[PDB]
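Residue numbers (PDB author numbering), protein chains in the order written: chain Q, 1053 to 1315; chain T, 1842 to 2104; chain U, 2105 to 2367; chain P, 790 to 1052; chain R, 1316 to 1578. Where is the CB? At the ideal position from N, CA and C, for every residue including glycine.
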Amino acid sequence: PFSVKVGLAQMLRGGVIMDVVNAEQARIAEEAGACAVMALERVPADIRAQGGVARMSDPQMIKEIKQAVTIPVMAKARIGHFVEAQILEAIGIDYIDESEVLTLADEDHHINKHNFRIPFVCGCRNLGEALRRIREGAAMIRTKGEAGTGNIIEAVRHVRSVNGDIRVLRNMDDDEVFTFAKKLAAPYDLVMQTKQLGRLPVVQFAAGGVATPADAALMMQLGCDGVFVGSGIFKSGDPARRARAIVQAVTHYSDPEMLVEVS
Amino acid sequence: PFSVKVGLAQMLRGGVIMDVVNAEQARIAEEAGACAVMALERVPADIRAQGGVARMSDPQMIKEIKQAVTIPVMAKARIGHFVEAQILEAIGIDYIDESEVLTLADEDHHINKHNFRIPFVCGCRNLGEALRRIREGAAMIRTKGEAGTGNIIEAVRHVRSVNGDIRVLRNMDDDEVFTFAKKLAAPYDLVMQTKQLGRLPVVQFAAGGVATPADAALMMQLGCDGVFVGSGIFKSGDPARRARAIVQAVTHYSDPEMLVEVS
Amino acid sequence: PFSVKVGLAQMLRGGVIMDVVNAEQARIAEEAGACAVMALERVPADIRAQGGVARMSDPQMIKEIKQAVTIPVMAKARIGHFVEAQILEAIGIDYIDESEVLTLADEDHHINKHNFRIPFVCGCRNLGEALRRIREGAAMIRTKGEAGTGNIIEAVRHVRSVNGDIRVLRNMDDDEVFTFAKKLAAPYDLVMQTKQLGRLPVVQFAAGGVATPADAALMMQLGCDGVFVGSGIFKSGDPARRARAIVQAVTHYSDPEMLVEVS
Amino acid sequence: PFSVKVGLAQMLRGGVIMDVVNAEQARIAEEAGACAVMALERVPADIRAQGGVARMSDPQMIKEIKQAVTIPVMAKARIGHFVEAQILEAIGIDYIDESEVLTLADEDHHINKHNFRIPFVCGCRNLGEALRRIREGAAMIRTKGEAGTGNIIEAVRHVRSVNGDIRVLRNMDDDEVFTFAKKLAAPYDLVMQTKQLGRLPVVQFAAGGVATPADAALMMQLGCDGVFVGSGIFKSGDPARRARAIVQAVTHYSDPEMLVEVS
Amino acid sequence: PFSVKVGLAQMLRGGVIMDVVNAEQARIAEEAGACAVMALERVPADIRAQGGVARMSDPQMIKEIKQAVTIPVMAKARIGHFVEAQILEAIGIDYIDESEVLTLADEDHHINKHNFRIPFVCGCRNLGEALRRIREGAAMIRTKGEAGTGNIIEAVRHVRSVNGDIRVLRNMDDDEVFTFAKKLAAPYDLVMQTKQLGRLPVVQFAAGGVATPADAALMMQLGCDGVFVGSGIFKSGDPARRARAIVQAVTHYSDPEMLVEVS
């Protein structure tokens, strides 16, 4: 029932997903208006600077967070590590993120995400990767970007690349589409579905570097459906204020006066 | 009605296809027991040695051949030259061969073969190319080989590559299949259809260098369904004898005494 | 009055242009139904075989041809050789072809074609080149291809590239168009005019390798407005028959039965 | 109305623009005689020392500065970050600087500056870049230089490059201008407008390394219309004295005795 | 009696092997349910930290461990150091691990393991290496991975590569098997025995980076028969809890709820 997973992930459209590390940060991110939280033991800043290997978050804190908030609760699973995905599905979380922000568990293969009843969130960097992940079973796509620096140049480049490939495909001659599918190394049926829909067949989020309401509004204006905000919110001077500002920016991405007032 | 085209091409299984250049060579190739003829103005030996550009054969001689024999009659169309394919379909031939033996008309794109009611025969060199051509609409695949030298080393290598990739796919773990589909740059749905069927989803012929009954029997024992024999038959000491020998070799590819007697 | 030149070149849409070398070939190409002739002393085949430098055609034979036929009469002028263009305009021909088929007269600069009252026909290989030539003053564009071989792989590649850039531009986001204009090194105003019109702002012809009615119909179906047929027609078995066939193919580029009957 | 923005930016001719970080530095820069201030949260020295990503300055301090001084107030916006530009336009600042001194927000595309009613200030390093930015909608150009070192070698090189390209263009033959437009990858219409005006069609400022009155006078003597002075004035022994000296040097760029007295 | 060694190593199937450094860690790893311990002076983490050369563990502590636990006791022997293997066999340990985790003693040659009555455990990275080690006399194979980092990307890659070569071999045509044996540089007789059995002819363990129950279950689901856990268990917050969790994960590698509860 892949379409069931797609429709389940649709209710995340137009929202913000916030990396939380405890029940209190989860409660704050809930009261700020986020649509879902990404439970994890310690922020991507730890994964980047502290080094070491980062794995699926501990089940006990996932259960604590899930008991603390009412919104959908996500968790991260290493790429190709289908047993972490099995554990997460057995905990009962709402969405699973096959996260490249964590450490690679299988360099060559991703999870055959058709085996789980839980919708997956998979990273991408272009149209070919997004279509491959949707073929593997990912019910929601997020553009990769760059993890931990707060610089949106790569996230902006990836959103622009995905939307540019979509716009190119929308007018592309039928007889050429096949070659395009070979240029991306993406499944042809999904390429034709994209060409018919004018967009990816799934929800499409942005991630990596989104730190200010201006960045979230820029992502939502480039065509995305939402944003991921990981660590810069709760390490700042006031976490609740910045989180509420980013939520309001995503909700009102076409209101410059609102973006000003929230900033 | 792609399945209609596939079933229409199935009756070519276990036969020989002979390049003919006139009504008399067509009549000989018919009396030798061929399943179909490939009408063309002058042999692949001409295309190789004389040089110049080779195009779709002249419509008048196609009509003469079609009126001279009763078996299915093929014709060659340049790659990506869909107007030659339109002309051939309007003449009423039975199969169209998007032939790389001719001159390339579109280096980047092949014909969107779903637009014609006539089944197409497309060349290939590996599993990825065969699957891409089947996705474009080709109702019958022939392994490329090398055109005009009578040396089957490349044709044998291509048959072995295709059948080896299919055998690898047949046992391959499901979770890895996706990556395999990216390695070939072939449509995933066709890759899964191949993995289920244990063979290429269409009829699969051999071509290039098949000159003696031993070569035809070798191709039919490597797993193919038929062979193409272009020029060396009608330039030899006795064309009818060699053509009948190759036909008998394809029919009895598992009878060494028969291969001896026909040689 | 550039728009006057554009409207003047519009009457060539849906026609055939044939290189003639005498009053007799000009009369034949007229009776075959061509829309214009390109006077020249000796065919591109002679330019290849006799070697040496090729220049503007001789004024006396231009006057003879112009007095022999009634259709528009073209002539070739070396690239950047504005004095040959002045001579041609003083003879009174209808269109001037700043032709790369001839020998380069100015490797770095083309003619500032705004100084002549006669419309120009300029070669191109992509969208950037076509837009640059339209900015210089070219009132009609022909896709370069490859001169003298009868192989349409390059002409088809160039038509597909130009039409693909146009289709990409048509959906391209406005904020990105500027960068596109830098990628092609084409004037931005002409890029925006193309994006608005959905096609090149001038008449767009094909040239190079068009030898059979299938090739002409393929060019006219890929989006072109006409074709150039230079030498292979009058060196063949019957020039009038092939010329009439190509004219009928251009006129009926969407009629497969007509393409069959003329072939 | 791009001409309205151009005429509105004209009043900055012959003045100094000083980066301020508080109401007090803004008041000093006003009393020193500057024509405009570039409000920013922390000087380029902080961008180098604290490292990290630098974004649009905080709206609250922009409002404080705007309420503290009477002169036009600028602000910096990341390249391609049109949402930061929207926020700045909604605050009501006078000029927006699409600043490469900040961090790149879009590596491939710049802001489509035609969508805002506020004039923009865009950096440049040669004539092609200045013309491209003027085509995108920039109503004022500043030569890039090098940010934060106090060494004017690069700013001088870029000013000389722009003025040398303009001088080359002024005498350049018309028939060659097109090729020149291709050499720069700049819009041809703007190239011709430059050739007619003898200078860039907008106000042209200098930036990067201007630290002493000699440097400001040198920039104004090389042909510029003003200078940018960012940090070195307020970190020195006396900010008011050096700021007044630089202002007087810009006003009297042809008075060596005045340059001596102010130094 | 190689088959006796193979049957002796069979009782380790479906178990966990834990590197111990004293009688207390050995006792803990016994109560956690491990099937065998790998006596060694200082953990692979200590081998990485203190640097220097690592050799066979000291005989006195091996005797102490062997007297402290009842399960089979392993020990490490440098590669090609057959005298350390003689010493270990004379101590009376149950299995000897010709371990690349230690320092290489013979870079070009491994131990001729047919000379000892004690079964050997040899590392491997692909099918060729595993078959070569089984030919030398190794009665049990463990996939190499990467030593001491806790990252299972390489261990997963090696398990997938070995099982992929086995699956490729299982369907491979007999006439091609010989060439396959040359591609791996593995003994052909063992290649045919593998092709017949559908798996490596010996017990196949995983090693390197297995730190969490998810990793152990992932190894056991990829096709392995067990796991090696060296250092990260006894340097953690609770060694007994994590060791018992990993043992339960290996025992119940197909029970997601169990993997959750033990985590």
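For residue i, the three-state DSSP class (helix, strand or coil)
{"i": "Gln-1256 (chain Q)", "result": "strand"}
{"i": "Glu-1939 (chain T)", "result": "strand"}
{"i": "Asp-895 (chain P)", "result": "coil"}
{"i": "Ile-806 (chain P)", "result": "strand"}
{"i": "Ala-1354 (chain R)", "result": "strand"}
{"i": "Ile-1298 (chain Q)", "result": "helix"}
{"i": "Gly-2196 (chain U)", "result": "coil"}
{"i": "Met-2099 (chain T)", "result": "helix"}
{"i": "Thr-1001 (chain P)", "result": "coil"}
{"i": "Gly-1991 (chain T)", "result": "coil"}
{"i": "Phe-1286 (chain Q)", "result": "coil"}
{"i": "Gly-1921 (chain T)", "result": "coil"}
{"i": "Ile-1099 (chain Q)", "result": "helix"}
{"i": "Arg-931 (chain P)", "result": "strand"}
Within 8 angstroms, strictly: CB atoms of residue i and residue j
{"i": "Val-1878 (chain T)", "j": "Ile-1903 (chain T)", "result": "no"}
{"i": "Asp-1241 (chain Q)", "j": "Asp-2015 (chain T)", "result": "no"}
{"i": "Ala-2181 (chain U)", "j": "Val-2306 (chain U)", "result": "no"}
{"i": "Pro-2317 (chain U)", "j": "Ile-2132 (chain U)", "result": "no"}
{"i": "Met-1008 (chain P)", "j": "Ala-1000 (chain P)", "result": "no"}
{"i": "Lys-902 (chain P)", "j": "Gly-926 (chain P)", "result": "yes"}
{"i": "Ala-1531 (chain R)", "j": "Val-1565 (chain R)", "result": "yes"}
{"i": "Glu-819 (chain P)", "j": "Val-858 (chain P)", "result": "yes"}
{"i": "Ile-882 (chain P)", "j": "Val-862 (chain P)", "result": "yes"}
{"i": "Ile-1131 (chain Q)", "j": "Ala-1075 (chain Q)", "result": "no"}
{"i": "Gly-2050 (chain T)", "j": "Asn-1992 (chain T)", "result": "yes"}
{"i": "residue 1027 (chain Q)", "j": "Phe-1230 (chain Q)", "result": "The first residue shown for chain Q is 1053 and the last is 1315, placing residue 1027 (chain Q) beyond what the model contains."}
Rounded distance between the beta-carbons of residue j and residue i, thought under 8 angstroms
{"i": "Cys-1963 (chain T)", "j": "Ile-1982 (chain T)", "result": "6 angstroms"}
{"i": "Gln-1901 (chain T)", "j": "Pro-2360 (chain U)", "result": "Not a contact, Cβ separation roughly 16 angstroms."}
{"i": "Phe-969 (chain P)", "j": "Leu-958 (chain P)", "result": "7 angstroms"}
{"i": "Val-948 (chain P)", "j": "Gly-1012 (chain P)", "result": "7 angstroms"}
{"i": "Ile-1481 (chain R)", "j": "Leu-1446 (chain R)", "result": "At roughly 10 angstroms, the Cβ-Cβ gap does not stay under 8 angstroms, so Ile-1481 (chain R) and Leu-1446 (chain R) are not in contact."}
{"i": "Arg-2348 (chain U)", "j": "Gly-2137 (chain U)", "result": "7 angstroms"}
{"i": "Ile-907 (chain P)", "j": "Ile-885 (chain P)", "result": "5 angstroms"}
{"i": "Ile-1426 (chain R)", "j": "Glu-1444 (chain R)", "result": "Contact flag wrong, Cβ pair sits at about 15 angstroms."}
{"i": "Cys-1965 (chain T)", "j": "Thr-1984 (chain T)", "result": "6 angstroms"}
{"i": "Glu-2145 (chain U)", "j": "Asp-2162 (chain U)", "result": "5 angstroms"}
| query | Is there contact here, the region 2278-2298 of chain U with the region 1877-1894 of chain T, by at least three beta-carbon pairs under 8 angstroms? | reply | no
| Residues within the region 892-912 of chain P neighbouring chain U, beta-carbon criterion of under 8 angstroms | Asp-897, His-898, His-899, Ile-900, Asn-901
| query | Below 8 angstroms, can you find three or more Cβ-Cβ pairs linking the region 800-812 of chain P to the region 1014-1025 of chain P? | reply | With contact defined as three or more Cβ pairs closer than 8 angstroms, the region 800-812 of chain P and the region 1014-1025 of chain P are in contact.
| query | Using a Cβ cut-off of 8 angstroms, which residues of the region 1478-1496 of chain R contact any Cβ in chain T, in chain order? | reply | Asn-1478, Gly-1479, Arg-1482, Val-1483, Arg-1485, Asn-1486, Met-1487, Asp-1488, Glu-1491
| task | Could you list the residues in the region 2226-2245 of chain U with a C-beta less than 8 angstroms from some C-beta on chain P, going in chain order? | result | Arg-2236, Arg-2239, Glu-2240
| said: Tell me which residues of the region 1069-1103 of chain Q have at least one Cβ-Cβ distance to chain R shorter than 9 angstroms, keeping chain order. | reply: none
| field | Inter-stretch contact (C-beta, 8 angstroms, three-pair minimum) for the region 2193-2212 of chain U and the region 2087-2104 of chain T | value | no
| Of all the residues that make up the region 2326-2343 of chain U, which are near chain P by a beta-carbon distance shorter than 9 angstroms? | none
| When you check each C-beta in the region 866-878 of chain P against every C-beta of chain Q, which residues fall closer than 8 angstroms? | Listed by position, the residues of the region 866-878 of chain P near chain Q (Cβ gap below 8 angstroms) are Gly-869, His-870, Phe-871, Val-872, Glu-873, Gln-875, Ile-876, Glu-878.
| task | Give the residues from the region 1197-1212 of chain Q that approach chain P closer than 8 angstroms (Cβ to any Cβ), ordered along the chain. | result | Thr-1201, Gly-1202, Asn-1203, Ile-1204, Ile-1205, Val-1208, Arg-1209, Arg-1212
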